[PDB]
Amino acid sequence: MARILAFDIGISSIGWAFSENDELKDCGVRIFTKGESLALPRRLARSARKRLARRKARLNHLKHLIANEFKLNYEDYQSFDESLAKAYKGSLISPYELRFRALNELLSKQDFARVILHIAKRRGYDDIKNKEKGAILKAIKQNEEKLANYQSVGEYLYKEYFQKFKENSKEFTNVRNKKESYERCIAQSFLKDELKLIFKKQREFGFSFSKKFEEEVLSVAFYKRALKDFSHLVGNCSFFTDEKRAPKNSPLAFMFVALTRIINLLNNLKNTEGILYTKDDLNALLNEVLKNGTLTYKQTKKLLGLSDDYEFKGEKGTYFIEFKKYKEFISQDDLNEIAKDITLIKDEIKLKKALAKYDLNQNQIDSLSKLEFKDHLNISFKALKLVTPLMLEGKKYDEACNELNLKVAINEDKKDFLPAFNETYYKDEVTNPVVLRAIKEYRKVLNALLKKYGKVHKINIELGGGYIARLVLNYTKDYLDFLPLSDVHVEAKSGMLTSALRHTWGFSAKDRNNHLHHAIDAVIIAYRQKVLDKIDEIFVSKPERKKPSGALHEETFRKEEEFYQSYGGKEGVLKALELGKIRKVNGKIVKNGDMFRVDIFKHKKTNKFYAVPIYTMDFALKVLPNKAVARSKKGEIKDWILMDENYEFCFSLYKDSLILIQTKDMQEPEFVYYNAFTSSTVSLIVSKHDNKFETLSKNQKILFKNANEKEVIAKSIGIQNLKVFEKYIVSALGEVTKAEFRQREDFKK
RNA sequence: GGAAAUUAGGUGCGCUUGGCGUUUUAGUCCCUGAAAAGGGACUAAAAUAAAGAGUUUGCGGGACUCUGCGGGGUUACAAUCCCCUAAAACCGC
DNA sequence: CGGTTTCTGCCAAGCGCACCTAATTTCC
DNA sequence: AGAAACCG
């Protein structure tokens, strides 16, 4: 029993090998994807949803304020049946002209309302900073300079751009930005000044407002929420995992980092120059830090010796910029808790409420609220309370930890199977779904091997991107149980050693262009015609993609006239909408999103096959389609076929479902991965499991007639008259199993 | 390899915003034309995934908040099952 | 039918957290 | 990447 498991962990593949008694036993490749930011599109759409939802409510708020103050109708500022709102109908004067009149004459309250809503809808960039400047930062500065020759942004836009002609042109120039240019961007503070200036000048012309109307219009139109609470994202202490990390800008953390730098420098001079320093020498460097939160290198040298060069750089040995600001603004638990509140609560109002709980006057709360702290140490307050008293006595960090019996938290209970990565203390270190997914597949393949072959002695991982292998190594050695060697189980293999051994063994140019090369790398890690016999036995494993969520439709909004030629006038467009070939959302025609599923039926008497396509929008609507695609002529839409009692549900197909198909041209069926269903031709796109072009057989060359060295893909395979069309299942290890019948899965709502 | 610290650069995840673009309803200006009918530039406003949910607080509201294109667990497979994945304020009574 | 082509939303500014990398210091 | 029209 010399049982070894080896893994080549890629960004899209898991190659594995199993050797017992120095003999190769099993082999396989797991391809789990074919795209390095998975959550990014979801986050952008989420950020965009909320920004516009808040803009709508903010504008709704201002429409309420003017409807009450000016005694106007609220619904006059809302659309009625996708038609322009009543307050904006008829021959309209532009808001740019109105914003210019506001500086010279009295506006009617109808005009003033449209002035407020125009400035509020696009209120400008919030230049909070006021270091290479980007496109928008350069524009707001360029517009700020030209703005000095005018009373307001409105007069500037109205006189320089509004309906002004370009040079030697019959065409108006643009006031808004056009076509990837940011030339018109103006800082938000100037548009607040204009609205305040408009209110002031409108008062002088005889416009009277309520006491709180201007105050509410100004605050609402320019309200901006602070950062949402993110305290749950802060990591935990490496000693007391139930504690949060301490903020860097706290009195304890200031003391701890200071003592760390000072004590380590004094001991560095003892090991390199032989000078032993007193505890008073420590208090000299410390008192210089505690005075101004600063300590220059020349003063460290002066306080103990000559102008000499350590292994250092810069002017400061200790630099706490926020220390002086914190002390000028002001129990030790209260100081440390207050610094935590400043670091977390970015909402100044909520921060004042938290600081009001402590015995501090209002002059201190306001000065403490204006402070900006960030960053954390890797240990907690609870740990700092224990270690800093010992380090004040001159003891090094390790000596203080040994004296307090502080050891880092390391898992002690090991399991037969590798537990979920989400249940380990390594979880909080990984937020990237790409890494999380690659770890997930490593776990799935490993536990499958352990279930099939039992416990193992050693596991070898290829380390190349490199820290992920180091992470997987510590993951496995901390949580997985092994067989004993006698009476280290997880080893890393150098990637530079793999490429050299690949040439030594002769596998350097074997299968570089197909999926099987991830396994030959795993076999080398586990340690010539005997191993290649096991490589040819490999069936590459891919998971079916059953995820029903995703973009519900394409993002391009389209006029229905675009489909008149293809579908057959507006008659055909309505038919396409009823069939799900296109969707209408918010009165806008859009194409389908992903076809995540297709349901295959078979006619009970004719044995013809039929396909029902199922898109992300159908799952969102929670209505299961039930009409099979029928081919249509060029400019028309033939009726689709209702799947009534004459048709028999066979199975559901997802991307990378394994199927066994045989066309009439084929003498035998072949295993292939389903890739897509083309609705216009009622046909399939399928690919070979290993994407290996060289080993193509006679029967496979009939199917993959247009295959090449890069991809073995067959397209436009009609389903209707398929000889064989069956569904199979692929395990994580590449074991193929006939798919037992399962009833059609419905949508529930 | 492991623990702590410092500086610099970077990746991802998360949050708060800005500007486009598109679709829709109108308007402004100009241009061709006998007319009918067109064309262009520009401005405004609405919409910008389908659709849902919710405590603080007895009830209601939106001039409140949140979910809605990601990941994990489960397994002839990985999903619509189970987790990551809520919580206050304001107005009226 | 079946092989091939067409067409897909985008950028900017700044603030947080988790990490990575490159140096450097103390310890095991 | 992936839906689906195009085209002979």
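In what follows, chains are A, B, ... by sequence order, proteins preceding strands, each numbered from 1. The basis for the numbers below is simple: all heavy atoms, side chains too, and nothing from hydrogens, waters or symmetry mates.
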(Q) Do B:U65 and B:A53 pair up in this structure? I mean Watson-Crick (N1 to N3 plus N6-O4 or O6-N4) or G-U wobble, both distances under 3.5 Å. (A) yes

Q. If you sort sugars by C1'-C2'-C3'-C4', with positive as north and negative as south, where does B:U17 go?
A. north

Q) Would one find a side-chain N or O of A:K634 under 4.0 angstrom from OP1 or OP2 of D:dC7? A) yes

**Q.** Distance, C1' atom - from B:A88 to B:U17, rounded to whole angstrom
**A.** 22 Å

Q) Which groove of the paired bases does A:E555 contact, judging by side-chain heavy atoms lying under 5.0 Å from groove-specific base atoms: major or minor? A) major

Q) Which value, in whole Å, describes the distance between the P atoms of nucleotides B:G58 and B:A50? A) 33 Å

Q) Quick one: is A:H61 getting a side-chain N or O under 4.0 Å of the B:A63 phosphate, OP1 or OP2? A) no

Q) Groove contacted by the A:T431 side chain at under 5.0 Å, major or minor? A) minor

Q: Return yes if the base of C:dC11 and the side-chain atoms of A:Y182 contain a donor-acceptor N/O pair under 3.5 Å, otherwise no.
A: yes

Q: Only one of A:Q565, A:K559, A:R558 passes side-chain hydrogen bond (donor to acceptor under 3.5 Å, both in side chains) with A:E562; say which it is.
A: A:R558

(Q) I need the minimum non-hydrogen distance between A:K547 and A:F596, along with the two atoms involved. (A) O-CB, 3.6 Å

(Q) Would the base of B:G19 count as contacting A:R176 through its side chain, where contact means a donor and an acceptor less than 3.5 Å apart? (A) no

Q: Using Watson-Crick or G-U wobble geometry with both distances below 3.5 Å, tell me the partner of B:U16, or none.
A: C:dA13

Q: Give one of base, sugar-phosphate or nothing for A:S91, where a contact means two heavy atoms less than 4.0 Å apart.
A: sugar-phosphate

Q. Is the distance from OP1 or OP2 of B:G19 to the nearest side-chain N or O of A:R184 less than 4.0 Å?
A. no

Q: Give the angle between the helix axes at the two ends of the helix from B:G21-B:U48 to B:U32-B:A37, taking five base pairs at each end and rounding to 10°.
A: 10°

Q. Quick one: which of A:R545, A:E544, A:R597, A:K546 gives a side-chain hydrogen bond (donor to acceptor under 3.5 Å, both in side chains) with A:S657?
A. A:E544

Q. Quick one: the side chain of A:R49 and the base of B:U67, do they pair up donor-acceptor inside 3.5 Å?
A. no

**Q.** Base-pairing assignment for B:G70 (Watson-Crick or G-U wobble, both under 3.5 Å)
**A.** B:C84

**Q.** Groove assignment for A:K588, based on side-chain heavy atoms closer than 5.0 Å to base atoms
**A.** minor

**Q.** Watson-Crick/G-U partner (both atom distances under 3.5 Å) of B:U56
**A.** none

Q | Residue whose closest nucleotide on RNA chain B lies nearer the 5' end, A:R225 versus A:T260 | A | A:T260

**Q.** Side-chain N,O (A:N474) to OP1/OP2 (B:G2) below 4.0 Å
**A.** yes

(Q) Check the phosphate of C:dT26 against A:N268, side-chain N and O only, distance under 4.0 Å to OP1 or OP2. Yes or no? (A) yes

(Q) By the 4.0 Å heavy-atom rule, please label A:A739 as base, sugar-phosphate, or nothing. (A) base

Q.
Under 4.0 Å, counting only non-hydrogen atoms across every strand here, what does A:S680 touch: a base, just sugar-phosphate, or nothing?
A. base

Q. Is there a side-chain polar atom (N or O) of A:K727 under 4.0 Å from OP1 or OP2 of B:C77?
A. no

Q: Identify the nucleotide, in any strand shown, that forms a Watson-Crick or G-U wobble pair with C:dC20, with both distances under 3.5 Å; if there is none, say none.
A: B:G9

Q. Quick one: is B:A88 close enough that its OP1 or OP2 comes under 4.0 Å of any side-chain N or O from A:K228?
A. no

Q. Can you tell me the Watson-Crick or wobble partner of C:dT5, both distances under 3.5 angstrom?
A. D:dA4

Q. With a 4.0 Å cut-off on heavy atoms, is A:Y567 in touch with a base, just the backbone sugar-phosphate, or nothing at all?
A. sugar-phosphate

Q: Quick one: look up who B:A78 pairs with, Watson-Crick or G-U, both distances under 3.5 Å, and put none if it's unpaired.
A: none

